[PDB]
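So the structure is just underneath, and the comments pick up after that.
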Amino acid sequence: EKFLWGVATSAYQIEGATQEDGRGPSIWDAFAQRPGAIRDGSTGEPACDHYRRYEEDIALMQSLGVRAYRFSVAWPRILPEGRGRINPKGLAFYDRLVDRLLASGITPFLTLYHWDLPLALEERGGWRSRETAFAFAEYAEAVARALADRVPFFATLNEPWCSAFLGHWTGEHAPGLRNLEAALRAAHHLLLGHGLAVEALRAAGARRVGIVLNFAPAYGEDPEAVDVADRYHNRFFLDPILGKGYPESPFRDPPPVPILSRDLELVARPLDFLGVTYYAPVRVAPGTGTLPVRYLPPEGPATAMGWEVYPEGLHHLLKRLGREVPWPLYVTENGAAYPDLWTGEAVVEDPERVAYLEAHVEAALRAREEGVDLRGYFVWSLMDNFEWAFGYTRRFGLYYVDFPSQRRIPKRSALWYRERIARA
């Protein structure tokens, strides 16, 4: 069957309409109000105005020949308080979105949580509180009841490492905590929510259920430093999902984690796929504190994020996952931010982005030719959007967005992808 050539977005990053049609606030709504949290002082309002413009956006995907569209459902559009009351206008929006995708020949590839936890849940402890896992499963069930007749793929979480560690340890993401115990509680309740949601999704009819993990394959001279980095970036969530329990803690004297008996058996429920997010490797040397690794500077060209461009790392990563994971893999996000400027021309020339995608597609197809059960590849992103703590200062899109007109202008990378999908 068909390799899913796709593009990916998330709800808070693109939709806008933050306060319309009964949407409740998210942690990112409250976080973006804090001075210094977002680099340019911006928020997800209006973002790309996709809640209004999704029909034109879907025509943009169809014009490139994209066969799948990875997107998230904004929990607070569906349950404005995170639990109980349902918002029928939220569900109607995603219901209409899916019908338009199907009518365009595009496979919906739906993420349930892409970081926008309902603010009402955060007020009761968010992912630090075990109840949030159960709230998450009831949300997952409400979404599949409405959408699983037409949406084949549901991923429970997107990048729980970011939600746990950026969100609760480094403070760079919502809800902006800086506490290792909180991050470890959050990591565990994310996983538990995942496990609970898998069985709620299958009881509601979801045909393929998975999770999306990010990975940063680690390289260095000292195997012990490489191994501490590997446990933190790559094994922390994947090992529990594979039924191997947590890996040995990468942290020195970690605080306790509220693991109840049988939690890990829920976490390791059978899935249909693993989503693999990859942007860059980490290069590490022996370090010393709570997390004893020193991160080294990029060994090659880097993007506007400072992230090293190392397409062979996606190959190494897929070959490893392909031996260890007993389900098909989808590269559910891969992309690069380079400075784009539009001064009115009909195409934004982004040769460095094009170069980055071409070499990463080549690495991934090579992993597949060497035996890996890799069934799709999704570019981050369809279009420039709100990049979390970077706001609108970093652009990953195949389409440039002139935010004030909300016009979408194709980049060379959009044309490169269109031809790439047609060749394949």
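Chain lettering (A, B, ...) mirrors the order of the structure tokens, residue numbering begins at 1 for each chain separately, and ligand numbering begins at 1 in order of display.
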Practice problem: Write out as a PyMOL selection string which residues come within 12 Å of segment 417-422 of chain A when counting only C-alpha atoms, dropping same-chain ones fewer than 4 positions away. | Solution: chain A and resi 2-7+60-68+335+353-359+361-362+365+376-382+397-399+410-413
Under the rule of at most 12 Å, produce a per-residue listing of segment 112-148 of chain A near segment 98-103 of chain A: chain, number, name, the closest pair of atoms, and the distance in Å, as CSV, using only C-alpha atoms.
```
residue,atom,partner,partner_atom,distance
A:146,CA,A:98,CA,10.7
A:147,CA,A:98,CA,8.0
A:148,CA,A:98,CA,10.3
```
Quiz prompt | For residue 273 of chain A: contacts at 8 Å, only C-alpha atoms, fewer than 5 positions along chain excluded, given as a PyMOL selection string | solution = chain A and resi 208-211+327-330
Just the selected residues (N, CA, C and O atoms), exported as a PDB file, in the first residue's frame, please.
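After the write, again.pdb holds the following:
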```
ATOM      1  N   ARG A 208      -5.812   2.526  14.051  1.00  0.00           N
ATOM      2  CA  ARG A 208      -4.331   2.422  14.266  1.00  0.00           C
ATOM      3  C   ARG A 208      -3.957   3.467  15.316  1.00  0.00           C
ATOM      4  O   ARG A 208      -4.248   4.671  15.160  1.00  0.00           O
ATOM      5  N   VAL A 209      -3.330   2.986  16.364  1.00  0.00           N
ATOM      6  CA  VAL A 209      -3.057   3.763  17.490  1.00  0.00           C
ATOM      7  C   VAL A 209      -1.559   3.711  17.727  1.00  0.00           C
ATOM      8  O   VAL A 209      -0.940   2.603  17.783  1.00  0.00           O
ATOM      9  N   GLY A 210      -0.975   4.879  18.020  1.00  0.00           N
ATOM     10  CA  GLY A 210       0.438   4.961  18.166  1.00  0.00           C
ATOM     11  C   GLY A 210       0.809   6.127  19.080  1.00  0.00           C
ATOM     12  O   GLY A 210      -0.007   6.621  19.842  1.00  0.00           O
ATOM     13  N   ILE A 211       2.088   6.445  19.087  1.00  0.00           N
ATOM     14  CA  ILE A 211       2.587   7.592  19.870  1.00  0.00           C
ATOM     15  C   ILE A 211       3.717   8.252  19.022  1.00  0.00           C
ATOM     16  O   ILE A 211       4.298   7.586  18.180  1.00  0.00           O
ATOM     17  N   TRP A 327       6.713  -2.524  15.339  1.00  0.00           N
ATOM     18  CA  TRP A 327       5.632  -1.905  14.601  1.00  0.00           C
ATOM     19  C   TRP A 327       6.268  -1.055  13.503  1.00  0.00           C
ATOM     20  O   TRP A 327       7.433  -0.577  13.650  1.00  0.00           O
ATOM     21  N   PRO A 328       5.493  -0.735  12.493  1.00  0.00           N
ATOM     22  CA  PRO A 328       6.014   0.221  11.461  1.00  0.00           C
ATOM     23  C   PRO A 328       6.304   1.592  12.029  1.00  0.00           C
ATOM     24  O   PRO A 328       5.761   2.023  13.066  1.00  0.00           O
ATOM     25  N   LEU A 329       7.255   2.257  11.374  1.00  0.00           N
ATOM     26  CA  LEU A 329       7.643   3.555  11.775  1.00  0.00           C
ATOM     27  C   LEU A 329       7.111   4.589  10.795  1.00  0.00           C
ATOM     28  O   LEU A 329       7.031   4.317   9.643  1.00  0.00           O
ATOM     29  N   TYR A 330       6.835   5.797  11.255  1.00  0.00           N
ATOM     30  CA  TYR A 330       6.490   6.893  10.270  1.00  0.00           C
ATOM     31  C   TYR A 330       7.435   7.999  10.776  1.00  0.00           C
ATOM     32  O   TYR A 330       7.483   8.241  11.996  1.00  0.00           O
TER      33      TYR A 330
END
```
Closest-contact table, segment 199-263 of chain A side, partner segment 119-133 of chain A, 12 Å, counting only C-alpha atoms, as JSON lines:
```
{"residue": "A:200", "atom": "CA", "partner": "A:133", "partner_atom": "CA", "distance": 11.9}
{"residue": "A:257", "atom": "CA", "partner": "A:128", "partner_atom": "CA", "distance": 10.2}
{"residue": "A:258", "atom": "CA", "partner": "A:130", "partner_atom": "CA", "distance": 8.7}
{"residue": "A:259", "atom": "CA", "partner": "A:130", "partner_atom": "CA", "distance": 10.0}
{"residue": "A:260", "atom": "CA", "partner": "A:130", "partner_atom": "CA", "distance": 10.3}
{"residue": "A:263", "atom": "CA", "partner": "A:130", "partner_atom": "CA", "distance": 11.0}
```
Practice problem: Excluding segment 45-53 of chain A and residues on its chain fewer than 2 positions from it, collect all residues at most 7 Å away from it, counting only C-alpha atoms, and give them as an MDAnalysis selection string. | Solution: chainID A and resid 13:18 43 55:57 385:386 403 406
Practice problem: Pick out the closest residue to residue 152 of chain A from this set: A:416, A:278, A:232, A:69. Count only C-alpha atoms. | Solution: A:69
Exercise. Would you return as an MDAnalysis selection string the members of segment 172-322 of chain A that DSSP assigns to alpha helix (DSSP H) on this structure's backbone?
Key: chainID A and resid 180:203 223:230 238:241 263:267 311:322
Dump as CSV the rows for residues of segment 154-239 of chain A within 8 Å of segment 22-37 of chain A: closest atom pair and distance in Å with one decimal, only C-alpha atoms counted, ordered by chain and rising residue number.
```
residue,atom,partner,partner_atom,distance
A:172,CA,A:37,CA,7.1
A:173,CA,A:37,CA,7.9
A:174,CA,A:31,CA,5.6
A:175,CA,A:27,CA,5.7
A:176,CA,A:31,CA,7.1
```
Kindly save the residues from that selection, with N, CA and C atoms included, as a short mmCIF file (atom, residue, chain, number, x, y, z; two decimals), in the first residue's frame.
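For reference, again-v2.cif as written:
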```cif
data_model
loop_
_atom_site.label_atom_id
_atom_site.label_comp_id
_atom_site.auth_asym_id
_atom_site.auth_seq_id
_atom_site.Cartn_x
_atom_site.Cartn_y
_atom_site.Cartn_z
N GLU A 172 11.44 26.15 29.61
CA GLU A 172 11.40 26.86 28.33
C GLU A 172 9.99 26.70 27.67
N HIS A 173 9.27 25.66 28.06
CA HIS A 173 7.92 25.47 27.57
C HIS A 173 6.86 25.54 28.63
N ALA A 174 5.60 25.70 28.21
CA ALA A 174 4.47 25.66 29.17
C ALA A 174 4.47 24.31 29.90
N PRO A 175 4.16 24.27 31.20
CA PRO A 175 3.71 25.42 32.01
C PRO A 175 4.83 26.21 32.64
N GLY A 176 6.09 25.94 32.30
CA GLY A 176 7.16 26.78 32.65
C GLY A 176 7.76 26.47 34.01
#
```
Exercise. Using backbone DSSP assignments, extract all strand (DSSP E or B) residues from segment 162-270 of chain A; output them as a PyMOL selection string.
Key: chain A and resi 208-214+218-219
Please write the residues from the selection above to a file, keeping N, CA, C and O atoms, as an mmCIF file, in the first residue's frame.
```cif
data_model
loop_
_atom_site.group_PDB
_atom_site.id
_atom_site.type_symbol
_atom_site.label_atom_id
_atom_site.label_comp_id
_atom_site.auth_asym_id
_atom_site.auth_seq_id
_atom_site.Cartn_x
_atom_site.Cartn_y
_atom_site.Cartn_z
ATOM 1 N N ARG A 208 -5.812 2.526 14.051
ATOM 2 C CA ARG A 208 -4.331 2.422 14.266
ATOM 3 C C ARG A 208 -3.957 3.467 15.316
ATOM 4 O O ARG A 208 -4.248 4.671 15.160
ATOM 5 N N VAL A 209 -3.330 2.986 16.364
ATOM 6 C CA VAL A 209 -3.057 3.763 17.490
ATOM 7 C C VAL A 209 -1.559 3.711 17.727
ATOM 8 O O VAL A 209 -0.940 2.603 17.783
ATOM 9 N N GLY A 210 -0.975 4.879 18.020
ATOM 10 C CA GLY A 210 0.438 4.961 18.166
ATOM 11 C C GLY A 210 0.809 6.127 19.080
ATOM 12 O O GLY A 210 -0.007 6.621 19.842
ATOM 13 N N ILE A 211 2.088 6.445 19.087
ATOM 14 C CA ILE A 211 2.587 7.592 19.870
ATOM 15 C C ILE A 211 3.717 8.252 19.022
ATOM 16 O O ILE A 211 4.298 7.586 18.180
ATOM 17 N N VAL A 212 3.990 9.545 19.252
ATOM 18 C CA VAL A 212 5.010 10.220 18.464
ATOM 19 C C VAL A 212 6.101 10.613 19.425
ATOM 20 O O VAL A 212 5.827 11.361 20.393
ATOM 21 N N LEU A 213 7.316 10.103 19.212
ATOM 22 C CA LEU A 213 8.397 10.394 20.113
ATOM 23 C C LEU A 213 9.458 11.187 19.358
ATOM 24 O O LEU A 213 9.744 10.900 18.197
ATOM 25 N N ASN A 214 10.109 12.158 20.016
ATOM 26 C CA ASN A 214 11.256 12.722 19.331
ATOM 27 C C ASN A 214 12.534 12.025 19.762
ATOM 28 O O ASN A 214 12.623 11.475 20.867
ATOM 29 N N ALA A 218 22.689 10.163 19.766
ATOM 30 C CA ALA A 218 23.752 10.787 20.461
ATOM 31 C C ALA A 218 25.078 10.211 19.938
ATOM 32 O O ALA A 218 25.192 9.043 19.768
ATOM 33 N N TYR A 219 26.118 11.060 19.796
ATOM 34 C CA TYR A 219 27.380 10.664 19.279
ATOM 35 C C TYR A 219 28.455 11.303 20.183
ATOM 36 O O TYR A 219 28.298 12.418 20.622
#
```
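Residues within 7 Å of residue 217 of chain A, counting only C-alpha atoms and excluding same-chain residues fewer than 3 positions away, are residues 230, 281, 282, 313 and 317 of chain A.
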Written selection (C-alpha atoms) as a PDB file, in the first residue's frame:
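So result15.pdb came out as:
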```
ATOM      1  CA  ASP A 230      20.852   8.157  24.872  1.00  0.00           C
ATOM      2  CA  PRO A 281      21.807  14.661  16.666  1.00  0.00           C
ATOM      3  CA  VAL A 282      23.443  15.645  19.953  1.00  0.00           C
ATOM      4  CA  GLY A 313      21.719  10.472  11.804  1.00  0.00           C
ATOM      5  CA  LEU A 317      18.215   6.275  14.012  1.00  0.00           C
TER       6      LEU A 317
END
```
Practice problem: For residue 241 of chain A, list every protein, DNA or RNA residue within 7 Å, evaluated using only C-alpha atoms, and leave out those in the same chain fewer than 2 positions away; present the list as a list in words. | Solution: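 Counting only the stated atoms, we get residues 237, 238, 239, 243, 267 and 268 of chain A.
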Practice problem: Could you tell me which of A:314, A:162, A:204, A:79 comes closest to residue 184 of chain A if we count only C-alpha atoms? | Solution: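 Smallest distance to residue 184 of chain A is found for A:162.
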Quiz item: Distance atom CA of residue 196 of chain A-atom CA of residue 153 of chain A, one decimal place?
Solution: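 Atom-to-atom, atom CA of residue 196 of chain A and atom CA of residue 153 of chain A are spaced 16.9 Å apart.
Checking A:40, A:272, A:181, A:20 one by one against residue 168 of chain A, counting only C-alpha atoms, you find the shortest gap at A:181.
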Practice problem: Pick out the residues sitting within 7 Å of residue 307 of chain A, and hand them over as a ChimeraX atom specification; count only C-alpha atoms, and ignore anything fewer than 3 positions along from it in its own chain. | Solution: /A:280,298,302-303
Exercise. Take atom CA of residue 154 of chain A and atom CA of residue 96 of chain A and report the distance between them in Å, one decimal.
Key: 17.1 Å
